[PDB]
Structure formats: structure tokens, C-alpha cells
């Protein structure tokens, strides 16, 4: 099994699995059934930005999603990641379409991991930032239908020349280098991530959503995880 911690930008409400009756953002801890969600006003065609922050001091994961001139959705969950994650992990973005479809384009992405110790002045860290992706983005592990290059953007799910988004698609893109998310001697551990997304659909309701996840190094897309499972979890439990 895989250990998954993630913030989901869910566009399609699957009321049957406890989804709110509207698009939303939520914190997923080892399950597709969000521990805490927040109403989100999905804007079709408009480029949204999403900022996620976390630190072991207050032990609280938070996510803010905003569109220029428009409001912002926020959500926070009290979680001690050191109990719910391997010491080493791999960070990345996931997205998927199902019966309904949408474009899950990632215009940019940046991440910052920071491990401060008890020993004065000793600190380990990692940070990367992409403002444009290359066809051969040699530092991202592409998985599924994820492809880089087109217009310098990262397409997490299948699209066509018409610009049309294909249904039943699923893709993931995660940074090559393993992230050292925590440790015992660390007095303060905290990570921060930011990405800009572009989502638009031709049909009545877009689906299914983009998500930022943290997982163990060898994580591979679970069998039949398109649609409601956002390409992250193997079952809707």
C-alpha cells in the first residue's frame, strides 16, 4: 500500500463518498475521504493559484486557493506528519478525468523543504521552481498521461490538438530527488509549495480535480484510479 497525504482541489462532487454538494478543496490523510474540506468556487478558464504551507511547530497543514480579483478558499487540519509519513518521501502533483472531463494544466510549480536541527546553526534544505516546463523535463518523473512541453506547460491528463480534454485520463508528475520530510534531531521541520493551475471544460461539469500529494519514493499510480479517486487512492474507503 502507499502512504498518501494530499490537498485535493476537487471539481466534481461525489456525494456518495461523502463529497460536499459543490466543488471544493480538502485535506486527504491516507484516504480519499477528506478530513476537512472548504467550499471552492471553481472558475472555468481562469488561471488559479494555490498555496500550501506546513510546519512541525504548530503541526497544522493549510491550503489557500485564489483567483485574481476573486475570493479565496482556505482549509486547515491539525496533523503530525512525522507519524503519518516515512522519513523520506517524494512530492508531486496528480490529476484525473472520468466520465466528465477538464484540462488539468500546471503553469508553474515550486517547493521548499526545510530541516532545522537542535544543534545551533545546522540546517538542511531543498527548493526548486519551474516557471516553464521542457518537452524533456529531465528532473520530473512523469507518470500516466502526464506530459511536459506543450506551450511550456505541464499537462497532467490527456488533451488533443483541438485543445480538447480527454475523459478517463490520469497523470502524475513528481520531482526526481527524494525529499527528507522530517527526522528526530530536527527541532523544526516545515515545507511549503505553490503552483498555478488552468482548468476549463467544454461540458456541463468539469472533473475530476488536481491534487498535491506527498508519498513514499516508489509510489506508482494505483490500479483503476481515474475519476473520483483523483489518481491517488486505489479505493474510495
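If you superpose the two forms and keep the largest set of C-alpha atoms that fall within 1.5 Å, you have the rigid core. Residue numbers count along the first chain shown, from 1.
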Is the larger C-alpha RMS shift in 8 other deposited structures of this protein, relative to this form with the rigid core superposed, found in 48 to 56 or in 200 to 208? 200 to 208
Comparing 143 to 151 and 94 to 102 where Cα RMS over structures and residues is taken in 8 other deposited structures of this protein (core fit), larger one: 94 to 102
Look up the CA B-factors in the entry and say which stretch, 208 to 216 or 64 to 72, has the higher mean. 64 to 72
Once you work out the mean C-alpha B-factor for both 225 to 233 and 14 to 22 from the entry, which is higher? 14 to 22
Between 94, 148, 108, 113, let me know which has the highest C-alpha B-factor in the entry? 148
Compare the CA B factors listed in the entry for 104, 143, 162, 137 and report the winner. 162
Where the record places residue 47 (Cα B-factor, split into thirds across the chain): lowest
Could you place residue 178 in the lowest, middle or highest third of its chain by Cα temperature factor, using the values in the record? lowest
Which third, lowest, middle or highest, does the C-alpha temperature factor of residue 185 belong to within its own chain? highest
Sorting by Cα B-factor within the chain, modelled residues only, which third would residue 56 end up in: lowest, middle or highest? lowest
Split into thirds by Cα B-factor across the chain's modelled residues, where does residue 1 land: lowest, middle or highest? highest
